[PDB]
């Protein structure tokens, strides 16, 4: 579970990198699609699922929007992301094993763009935060 130190770290980091959220989302989705090809099937209904495509750039905004929501609902991720969990489990039917994949790509992207700010201390807290986000999204699966 996230400690107050963890919540402060995530809010402080988000405060710094949030401005580039559109770029982070686009880059993170691009990588997941290229590095982990099995995820492609979920976006097969899009005409262009290549890096930097208009569909991916657009979705990257929505994904980072979910992360920003998680940061604001940091004190209770289960309740905060309930609708997203229901959506991924029932409407989208996204295999829950993929959440950990995207989380990793998000960390890589943040690392490539904010090397100075993405310290190991910001990393442990963000990693715990993303695990909580993944756990919250998995809530409605069973």
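We call the rigid core the largest set of C-alpha positions that still match within 1.5 Å between the two forms. Positions refer to the first chain, counted from 1.
Checklist entry - Of the stretches 23-31 and 91-99, which sits farther from where it is here in 6 other deposited structures of this protein, on average over its Cα atoms, after fitting the core? => result After superposing on the rigid core, the more displaced stretch in 6 other deposited structures of this protein is 91-99.
Checklist entry - Do the Cα atoms of 61-69 or those of 47-55 sit farther, on average, from the shown form in 6 other deposited structures of this protein after fitting on the core? => result Comparing 47-55 with 61-69, the one that moves more in 6 other deposited structures of this protein is 47-55.
Checklist entry - Where do the C-alpha atoms have the higher mean temperature factor in this entry, in 44-52 or in 113-121? => result Of 113-121 and 44-52, the stretch with the higher C-alpha B-factor average is 44-52.
Next on the checklist: Quick check on the record: does 98-106 or 70-78 carry the larger mean Cα temperature factor?
Outcome noted: According to the entry, 70-78 carries the higher average C-alpha B-factor.
Checklist entry - Would the CA B-factor of residue 19 place it in the lowest, middle or highest third of its chain? => result Residue 19: CA B-factor falls in the highest third of its chain.
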